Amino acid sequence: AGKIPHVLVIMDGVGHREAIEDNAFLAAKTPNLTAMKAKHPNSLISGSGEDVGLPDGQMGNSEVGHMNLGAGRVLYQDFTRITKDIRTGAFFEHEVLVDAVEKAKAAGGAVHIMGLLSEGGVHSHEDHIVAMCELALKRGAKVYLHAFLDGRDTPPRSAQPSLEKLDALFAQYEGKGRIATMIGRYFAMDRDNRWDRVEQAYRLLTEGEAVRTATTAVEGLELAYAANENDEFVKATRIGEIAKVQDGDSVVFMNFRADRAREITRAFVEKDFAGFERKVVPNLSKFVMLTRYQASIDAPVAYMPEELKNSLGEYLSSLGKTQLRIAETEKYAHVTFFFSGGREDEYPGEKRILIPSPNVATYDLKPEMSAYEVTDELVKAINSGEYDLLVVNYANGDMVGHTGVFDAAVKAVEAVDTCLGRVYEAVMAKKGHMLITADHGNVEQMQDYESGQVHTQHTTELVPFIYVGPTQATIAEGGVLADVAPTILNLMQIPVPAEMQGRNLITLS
């Protein structure tokens, strides 16, 4: 104990946008942040596009963002890697993917492909899914696509062109493949142990169990829209005849992001699965995770992760320092394996506190979420003097911003601001240092002018970067997420490890 606290606050989904219209951050009462900015040095940093190793124009996200924050360097992203392999043709000869196809063919089964079907680019990309379908079709396989509909990394009603694209592909191999089922990502891609949701996707895939049937994918979507469902929440829909994932088939899950892929993957492959009582469990010829969703899941992986040495968490552990990771459960991955650079287990000296997210259908119903309890625990931790580094994620801006509901998003921002007043008080009393920042924007734009729909996605806006400490300082312009860890190490008066490539942004005065 008796340690000076260094606190990294990630206001998930809180960006800086000058425009006032539909800006829930500016509309919110943020007296603590306003006061902090008036007193303490503050700047803007970038968490989108090439600055975080993504294509120019691609919005940031929590996986890429927390990995960059923790790593102190820009990482080569799996999105890039897979896109490159498709471009060069290497994808189509990938031994793991080819093996899935050949094993299904040998068993006289089918290749079932599933994944988020949109151009969002956060968890998947439909062009990758086209590529996997083509890979299997060109090898003479029977192919069924199970589409998980988006509306969260894309506009809330936007699935139609994606479904049409895949229909058009299958039309080029007439009778050999088709879209079999559709369901919203709310069901298929849960990450907070809402197993009642996951079960709906699981039973659709394994039994063809559906709320509605339709003759075509687009007809299915029209039925969902008529039932007042948006893409994210589309109920289990079966197209045409039952096409079960059954014994001898192969499944390829085409998502490249881990957090929302773990639950449905476990439902298929985990030996003693306990999320829910499964009615049918197929013995697959192969189940492929496109990337490594979880080290302990016993299934082959197509694209294994690169080694990441001396992320901030690892490096502090190597120095015998202590650290806290704290968030609500919806952001578990973010403050654990995303921030740690891929490692799932605690480092020596690392403690985790995960507060259950509220047991509600959507977070516009409780925009304060579990932020107040997170704050209770964080303040206690800061005051204990037991931690050299404390990393907190506040989920609210991001999670409520994804609902597309402006008034709720305003309340989410207000909740975070109130909480930060208490964090500030504790840090100042302990003569500590704090960086308040974000991983990407979201809440600062709540209307999508390109579609006329509410805005449910991230933005490409810069994010705030506020330095709270015992003294003033100057902050260099042009910072990126990779600069945060070297900046923290400078505040801690600890040398930056060779593996970090970012720069210190802060000059104390």
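Each residue number is its position in the shown sequence, starting from 1.
Taking the PDB entry as given, 173 to 181 carries the higher mean Cα B factor of the two stretches 173 to 181 and 391 to 399. Annotation for 110 to 118 versus 157 to 165: the higher mean temperature factor (C-alpha) is found in 157 to 165.
Reading the B-factor column for the CA atoms of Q472, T460, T34, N61 in the entry, the top value corresponds to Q472. Comparing C-alpha B-factors across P358, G404, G208, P367 in the deposited entry, the largest value falls on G208. Placement of the Cα temperature factor of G441 within the chain: lowest third of the modelled residues, per the deposited record. Annotation for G15: CA B-factor lies in the middle third of the chain's modelled residues. The deposited CA B-factor of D127 belongs to the middle third of values across its chain. Among all modelled residues in its chain, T213 ranks in the highest third by Cα B-factor. The deposited CA B-factor of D259 belongs to the middle third of values across its chain.
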